[PDB]
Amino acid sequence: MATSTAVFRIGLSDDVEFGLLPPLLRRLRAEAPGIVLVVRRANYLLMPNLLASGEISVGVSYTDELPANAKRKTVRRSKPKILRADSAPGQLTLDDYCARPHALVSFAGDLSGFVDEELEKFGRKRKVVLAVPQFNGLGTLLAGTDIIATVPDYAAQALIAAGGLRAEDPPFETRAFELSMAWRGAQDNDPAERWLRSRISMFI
């Protein structure tokens, strides 16, 4: 692989890109200086599209369902986290949660999510005032407001690292998709792709 000038196309969740990419880039550069990396944005909705269409060979993303012609590997289990920016003492109760306005990380413009689906089961609801298509930058949008966001704990970690937010366990149970490495069945055999995937796994 040292003499390779091949171009590689991978898909990454926007939060995963912060931690995975810098150490990864250094490894491929040092051992395969001719290879070019193209990173596409990935989420659990675009993930089957990116694989089935050929836009990426492998992705590291939150994943829900994948095409039948796709292999996958869990890289990290997720639990939900509440993010807030106000200064009120104490953890949010369920009543507090349902009364405050919410920011939703929605990858296709929906104003409701799985949290709303779960709250509806118990006859409760919430008001979403903001839908954003990514995780990063969310702290700049919540700052100085009482808007709260419900995100996977991996995204929460990166957003807490960005500063200005508090993280807590939600006052109820909701979904949190796994972080996965997923690739298409055809490329399980490929040595160049096996090599890239083994290099990604060296850092996550």
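Numbers for residues come from their place in the sequence shown, where the first is 1.
Of 73 to 81 and 122 to 130, the one with larger mean CA B-factor: Comparing averages over the C-alpha atoms only gives 73 to 81.
Residue stretch of maximal mean CA temperature factor, 49 to 57 vs 26 to 34: The stretch with the larger mean CA B-factor is 26 to 34.
In terms of the chain's CA B-factor thirds, is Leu12 lowest, middle or highest? Ranked within chain, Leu12 CA B lands in the lowest tercile.
Is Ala143 in the lowest, middle or highest third of its chain when residues are ranked by C-alpha B-factor? Within its chain, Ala143 is a middle-third residue by C-alpha B-factor, going by the deposited values.
According to the PDB entry, is the CA B factor of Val151 in the bottom, middle or top third of its chain, that is, lowest, middle or highest? For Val151, the deposited C-alpha B-factor lands in the lowest third.
Could you look up the Cα B-factor of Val39 in the entry and say which third of the chain it sits in: lowest, middle or highest? Tercile = lowest for this residue's CA B-factor.
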